[PDB]
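If you want the building blocks of each chain, they are given just below.
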Amino acid sequence: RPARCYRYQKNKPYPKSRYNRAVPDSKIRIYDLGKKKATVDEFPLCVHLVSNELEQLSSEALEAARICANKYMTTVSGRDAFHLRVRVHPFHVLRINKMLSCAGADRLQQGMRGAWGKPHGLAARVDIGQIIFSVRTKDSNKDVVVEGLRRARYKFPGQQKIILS
Amino acid sequence: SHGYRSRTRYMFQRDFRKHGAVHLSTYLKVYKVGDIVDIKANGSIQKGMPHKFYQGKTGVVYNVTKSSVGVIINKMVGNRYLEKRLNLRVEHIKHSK
Amino acid sequence: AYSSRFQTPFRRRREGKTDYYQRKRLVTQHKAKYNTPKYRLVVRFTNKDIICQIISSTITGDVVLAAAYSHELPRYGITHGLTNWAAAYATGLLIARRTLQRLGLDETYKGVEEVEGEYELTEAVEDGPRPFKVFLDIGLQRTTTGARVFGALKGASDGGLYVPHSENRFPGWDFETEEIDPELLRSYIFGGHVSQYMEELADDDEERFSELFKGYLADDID
Amino acid sequence: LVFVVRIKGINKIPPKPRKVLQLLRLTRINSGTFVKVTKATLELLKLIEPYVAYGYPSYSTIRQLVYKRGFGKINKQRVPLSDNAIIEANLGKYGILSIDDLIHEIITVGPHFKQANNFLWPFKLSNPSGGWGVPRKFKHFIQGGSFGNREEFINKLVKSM
RNA sequence: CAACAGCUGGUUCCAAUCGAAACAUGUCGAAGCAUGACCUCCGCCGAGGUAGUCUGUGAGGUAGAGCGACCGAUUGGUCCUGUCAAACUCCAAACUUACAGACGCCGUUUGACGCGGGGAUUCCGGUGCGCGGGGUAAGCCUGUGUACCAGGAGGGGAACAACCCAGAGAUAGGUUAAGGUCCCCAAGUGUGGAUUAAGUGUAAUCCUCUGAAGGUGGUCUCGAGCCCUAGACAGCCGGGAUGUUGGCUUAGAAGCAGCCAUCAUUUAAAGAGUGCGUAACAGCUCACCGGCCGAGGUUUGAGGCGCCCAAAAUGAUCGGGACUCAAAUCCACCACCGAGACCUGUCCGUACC
RNA sequence: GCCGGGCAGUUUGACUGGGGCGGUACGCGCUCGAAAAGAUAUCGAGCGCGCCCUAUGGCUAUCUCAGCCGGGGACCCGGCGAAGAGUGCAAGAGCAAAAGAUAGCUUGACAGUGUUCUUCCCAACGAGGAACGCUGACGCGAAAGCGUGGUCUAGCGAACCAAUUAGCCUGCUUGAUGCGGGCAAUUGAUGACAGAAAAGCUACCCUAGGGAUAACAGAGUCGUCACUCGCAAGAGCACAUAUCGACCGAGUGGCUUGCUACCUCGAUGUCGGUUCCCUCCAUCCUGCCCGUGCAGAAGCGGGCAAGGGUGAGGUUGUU
RNA sequence: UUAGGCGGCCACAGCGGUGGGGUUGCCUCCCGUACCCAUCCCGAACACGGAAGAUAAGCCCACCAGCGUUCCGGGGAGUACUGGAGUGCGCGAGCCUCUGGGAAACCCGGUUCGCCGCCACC
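Residues numbered from 1 in each chain as written, not as in the entry; some residues may be left out. Chains lettered and ligands numbered in written order. Part of a larger assembly, values for the part shown. Heavy atoms only, no water.

The name recorded for chain C in the PDB entry is 60S ribosomal protein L5, from Saccharomyces cerevisiae. According to the PDB record, the title of this entry is "Structure of the ribosomal 80S-eEF2-sordarin complex from yeast obtained by docking atomic models for RNA and protein components into a 11.7 A cryo-EM map". For the record of chain C, the UniProt heading Sequence similarities holds the text "Belongs to the universal ribosomal protein uL18 family." (UniProt positions renumbered as here; feature names shortened; annotations may be inferred.)

Per the PDB entry, chain A is named 60S ribosomal protein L10, and its organism is Saccharomyces cerevisiae. For chain A, the Subcellular location comment in UniProt is given as "Cytoplasm". Reading the Sequence similarities entry of the UniProt record for chain A gives the comment "Belongs to the universal ribosomal protein uL16 family."

Printed below as a string of structure tokens:
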């Protein structure tokens, strides 16, 4: 924190586990919520979660913003309705100033060449319109799930659109 | 490291369908005197190969030395001399448009 | 087909006919009556039948000037099994003296011969009988020791055509002997293998085939 | 055919273009040259599309600019290059009436300026108007912009120099 | 002894033609050299040449995309289902590029293309844009393509190396470019229409012009849902039945924590109750009932102008004054101002005939 | 001959987000970076070579595996089985009647001399390397043909001097002997790898220069720091919003810190203190207010507001 | 070629599947090891010799589309992206217009169960 020089893509690939080790584990609980198995897809009421932005939310971003989300999805009696889906994973690894590579801004260090930033965190990135994490059930209430994501958004760097079913 | 097989990656490589040995016909075909021939390296070859830089440009064949034909880009290198060194096999393709 | 992600190699391939990576082998030595896209003194094997062909390739063609295939023998000669070596010495020997010098044999054509002083006349050839040639490719097959494939080569060798090959990678004789060992030159067929199966209990006759060969080297019809 | 006038100057860009402004002729601003629509043409103009105005002038809108700015291999007298100073009344460079007839053959196709009555490009236009579109080159015609085509869009521009 | 230095400083008349390099290889080399690239001069040669485009014949695996195509990542379930790649690829551009023909342009008195030779300077670069790699970032470091500054005037931008117009002989008249037309200041207090009330704004780009995930039934414009002449809103006005506190549960549970039931009566109508509320009652409300004239009403999304989230150090600011049916903003439009550019007279230089 | 800073002359490298320490990106090879031709940087990412092999070379002939199943984790029989079991070593690429395996034979890992490409794109430059010839002599094959080492790209080293290989040239009037000088070539090192024989201290210092390059201050920046706003999970007996308030998102300031290596090295006087002036908020008190989990009293939180006020001492140079 | 050999392009040819064909002309399967030759053990294979018997494999011929592949119509889509231009919009990120190009996924419907060359041959 804060996430600033973290989620703007001004770099290019990898993740690559070959290349990198010492990746921190994600603190993003399972990306399968609600009752799985049965096809939730048969449902009235629909979806949400549209990013409306560019990218790279960190696992710190998604994992408390998503279960936060689920927490107020609990209202629908624990195990009784909806499945929650998350889309993208936090693959993508980021490195931060370890003074040896270059100079100035991050992904630059001291000297020239040298320490790339040391591994510290991972974040998935997204596009202008992608569905961050969706799923629904019949209109349980007015739309508790719609209330969900109200809270879900408001912990994402992006401005997420609710998007109607 | 540095060497003939320098950064090539795709240019040299021939993939899936055309893999293995190639037909003899190409490397057996003869060209005579000034005939414009393109240069390339068909992969799946291990001889009569030119460098890597300069591959893709046409040159004019000239006389043959040993089992290989003087050709290569007789043509100019960059905007420059037709300084030419040619040691290419028929294996690399000939013909003109 | 498939997703077509793969490309399939076939031509002659797919179902087998020719090989490749062989039959390319043959070809380089330009042999045949004349320059050949692919030339051979093919030897094929069939159950109860042996076939000898011979001919330069064409773009579409793979013609054959003269053929053998014991089956036709006996045109003259005799009724016996054709699935043995003897009777696969005869052919490939009968083809020789057909392909081997009749329609034309090794590179002999009207007009000036290929560059090199070379003149061919009847009777023993001047400047060496060496120029007569064909390469014999067993098709898909297995090279063995004295095998009929080779045997096909043996006659259809002393038939005038001169093919490269390796001696000691033949049956010797006996299985297919020469009548007299002191003189290599002779038309010789033997079928010793089967013979002496019994001693001479009855049945098989090696003696008959020497008979055939006698006829072969001589002025015969076709 | 087309008429080309280079509104934008070559401050420095682009280099491949500017090369193909010249070769047309027109090494200046507001100059104008007639181009035949053909391959080995059309490619060049498309390349220099942002630079210049473009289009079919109407004839009798091309006569207007021939008479005012016209020709001569060497700029000199008979400056007006009117009909008289066009097709040879007597011996001389000729073609047709030496007027609209000239910009009749030209509009359809050949002949070219230099080919007949061998006085060559370019037109040297004055560049006036109340103004040209909105000042500064922009996206194109459908926006304030002199860019692109229109028969009677290059008529006005061609007019009033 | 006028030591030597690859280091700092200095090196004195006019004009005309051309016009760089801040890069590559080697170097006890990185504050220096040499050799190439590149600049210039001279001699030779002799007819073609190729900065642009088109077509033809070839080269290519970046963008994108995809992986029931390799590969390696990466969910869940009882085949369905959820995701990815600088060092993945069944695919695959734009585009860059060899060669040729064509058009163009150029060259044969201005001799190109090219060959040989003399003289260099130069090897601290920089900025914009596009593509980048590193870095939290930088008026950062380091590449690449290109145009510019350096070494480029002049017009504009308040000022201002590289942003816009524009590439410049002298002198003169004329018309435009960028930009601008309320004043300062040349030209409009221009036209048709709409938004804005915040002085928002009057700020292209940017170290530079902040503003991200305070308020306004001021006014204008646009959209969506529902309700209306079987009479809506007010829609507005007034009212908010008996068994009974239904049974259970509970400390309580009385329409309204929760579970079960949801009948019946008296009715014009009124649920074993829609929400607020109480400890539970009470109370308010609907839901529900009555009345009332007559035409739209209500809910909500968006935008325009104005009005009254967002903290900094000597005196506030769009260049300033000041401006609001604008001198702001958006959509259209008319007429003007305004360079050395473009046009035009004369002259000068240079090249060529 | 040995000892021998007692004394003399010298050297003690370069790169490098200043220098030093660390490291070498100081010679070389592969993938990516690299923007689909070529070329392309950083103390850029991943990782290798400075050998090994007489076969692990050369040619020719002949040419079924992992694994699973069934029948008697060794082995034997059968079946399934395009390849998950090779090619010395990084990486990428090549290869199936083979370049891989097995067997046999063989020494082309030969001598001599070229052409060309590479090294060094374009575009000059050595050693080195490679491709492709020829001359001579061989090997294997029926033959075409293959073999100029190991499928391809790393595995390398000048001049001088010595040793070594074969023949020849030559040494001052002349012959003989001895011992020399030379033409062609092989081996021996310079890895700071296009090649010097080479350790440090200086605060006793000195010179030449540099803001081409650090310390201090900086105008730009605002990651850091300070403060605010949006959303409001949650907590506060019940109650988000008396009060406390995470995650995430948006900002403002220019007091801290860092960056710029942009400014100054022909010099912008250090820290702390002091004295004397002005300012900032975003208000600590005082005035006037709103809310309260406000009975009162005492508080807590918020609003307007900068008129005035907001100190003395002990340790420590201290801030 | 009422069945062959050598190929070119190298899935439009692949995967899977149905039907038909010969017996003395072909290809095989097949029969059999005296010989040339052969299995680290097996005439399995390789090699040789041969026709008692078959079409059942293979092969050749006709055909099917479920999978894979190729191309095409229509839709997606003139969308995504993009070369050139703009005193067009937006605080900004970014968007828009003009001009010249122009995709992928997927869906529905067709196409594809090879095409071609030489030679030999009832």
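Read on, since the account is not over.
**Q** Would you mind showing me how to read the interface of chain B and chain C here?
**A** Often, the extent of an interface is quoted as the loss of accessible area upon association of its parts. The interface of chain B with chain C comprises five residues on the first partner and six residues on the second. Buried area between chain B and chain C, both sides added, is near 500 Å², and the carbon and sulfur share of it is 67%. At the boundary of chain B with chain C, the tally comes to zero salt bridges. Between chain B and chain C we count two residue pairs in polar contact in total. (Contact = heavy atoms within 4.5 Å. Buried area = accessible area lost by both parts, 1.4 Å probe. Salt bridge = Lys/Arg side-chain N within 4 Å of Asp/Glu carboxyl O. Polar contact = N/O pair within 3.5 Å; in protein donor to acceptor, adjacent residues only side chain to side chain.)

**Q** Explain the protein's contact with RNA strand F here, please?
**A** Looking at RNA strand F, there are 70 residues lining it, with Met112(A), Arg113(A), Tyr154(A), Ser1(B) and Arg5(B) nearest. The residue inventory of the surface near RNA strand F, partitioned by class, reads 24 nonpolar, 26 polar and 20 charged. (Near = heavy atom within 4 Å. Nonpolar A, V, L, I, M, F, W, Y, C, P; charged D, E, K, R; others polar.)

**Q** What should I look at first to understand empty space enclosed by the protein in this one?
**A** Summary: where empty space remains is shown by rolling a probe the size of a single water molecule over the atoms. All names here are of chain C. According to the stated counting rule, one finds four cavities of 30 Å³ or more in the structure shown. One number sums up the size of the largest cavity: a volume of about 100 Å³. Lining the largest cavity are 14 residues, with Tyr89, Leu93, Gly155, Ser187 and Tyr188 positioned closest to its centre. If you tally residues by element for the lining of the largest cavity, the top one is helix α3 (residues 207–216), at three residues. (1 Å grid on protein atoms, 1.4 Å probe; cavity = no way out; pocket = protein on both sides within 12 Å on 5 of 7 lines; lining within 4 Å. Points joined across faces, edges and corners; volume = space filled by probe spheres on them. Helix = DSSP H or I, 4+ residues; strand = E, 2+ residues; numbered from the N terminus.)

**Q** Looking at this structure, how should I read the arrangement of the chains?
**A** The two units chain A and chain C are non-contacting; their minimal C-alpha-C-alpha distance is 27 Å. In this structure chain A stays clear of chain D, and the shortest span between their C-alpha atoms is 26 Å.

**Q** Help me understand the pattern of salt bridges, please; the structure alone is not making it clear to me.
**A** Should the charged atoms of two oppositely charged side chains come close, the side chains can pair. In this structure the tally under the stated criterion is nine salt bridges over all chains. Across the pair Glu63(A) and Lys27(A) runs a salt bridge, and its minimum N-O distance is 3.3 Å. Taken together, the positions of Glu63(A) in the loop between β2 (57–58) and β3 (83–84) and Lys27(A) in the segment before β1 (33–34) put the pair 36 residues apart, joining distant regions of the chain. As a salt-bridge pair, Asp137(C) and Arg40(C) come within 4.0 Å of each other at their nearest N and O atoms. Within this pair, whereas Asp137(C) is found in the loop between β2 (49–52) and α2 (148–154), its partner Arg40(C) is found in the loop between α1 (25–28) and β1 (43–46), the two being separated by 97 residues in sequence. According to the relative accessible area criterion, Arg40(C) is buried, its value standing at 18%. (Buried < 20%, exposed > 50% of the residue type's maximum accessible area, 1.4 Å probe, protein only.)

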